[PDB]
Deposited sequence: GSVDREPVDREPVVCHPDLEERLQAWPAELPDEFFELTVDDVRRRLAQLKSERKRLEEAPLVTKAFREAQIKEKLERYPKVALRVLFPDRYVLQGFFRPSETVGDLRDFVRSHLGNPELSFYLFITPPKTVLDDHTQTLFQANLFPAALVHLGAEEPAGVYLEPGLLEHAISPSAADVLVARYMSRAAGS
C-alpha cells in the first residue's frame, strides 16, 4: 500500500531559529581529534563486481521501506510509501492516480540542477530515491488543477506529514 497523504505549508498551525553563542562554534581538542580521523581515513582510500553486488544487497536490507514526496508547482506535496525494488514508473502511476486530469503529460525531476527521471524502468534504489526523497513535478502545459479536488479537502499540515513518515519508518 502507498498510504497517500497531501500537505501544504500554509497549514503549519503555529509559528525564527535562536542565535547560537560563539562558544558553540569554538573547536575542542576532540573536534580536532575527529578532523584528524577524517584526514587519515581519506588518505586510506588509495574491488570486483561481486563486492559491489554484496555492498548493494547489504544496503537494500538496511532500508526495506521508502517514503517519497512529489512537490507540485502550487506548493502541494503528494506523499506515498514505496519499496526500493519498485521503479520510477510505479511512482508515475501513483501520481497519475491522484491527478485531476489522469491523462496529463507530466515529468518528475530531482534538483539541483534539473535532473529528469526519464528511465521509468529504473528502480528507486538505482535512482537514489531512498530512503526518503523529495521529487519535483513539471508539466508540459501547466494547469492550476494538478491534484484532484477530493484529496485537497483532507490535506494535513507538513508537520503532521513528518509524524506519518517517522511512524512508518519505525514500525
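Peer 1: Where are the holes in the model when you compare it to the deposited sequence?
Peer 2: Unobserved in coordinates, per deposited numbering: 1-8, 24-25, 57-61, 187-190.
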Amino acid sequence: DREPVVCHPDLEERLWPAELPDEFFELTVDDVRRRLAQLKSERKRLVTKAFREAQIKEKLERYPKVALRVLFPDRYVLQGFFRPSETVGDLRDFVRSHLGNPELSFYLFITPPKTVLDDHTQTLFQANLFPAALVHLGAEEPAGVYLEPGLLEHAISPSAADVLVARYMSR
From here on, numbers count along this sequence of modelled residues.
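Peer 1: Going by the B-factors listed in the PDB entry, is the mean over the C-alpha atoms higher for 53-61 or for 123-131?
Peer 2: Between 53-61 and 123-131, it is 53-61.
Peer 1: With respect to the recorded C-alpha B factors, which stretch has the higher mean value, 140-148 or 26-34?
Peer 2: Stretch with the higher mean C-alpha B-factor: 140-148.
Peer 1: By its CA B factor, does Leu117 count among the lowest, middle or highest third of the modelled residues in the chain?
Peer 2: According to the entry, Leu117 has a C-alpha B-factor in the chain's lowest third.
Peer 1: If you rank the chain by CA B-factor, which third does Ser41 end up in: lowest, middle or highest?
Peer 2: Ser41: CA B-factor falls in the middle third of its chain.
Peer 1: Name the third of the chain's ranked CA B-factors that contains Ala67, choosing lowest, middle or highest.
Peer 2: Middle third, going by the recorded CA B-factors of the chain.
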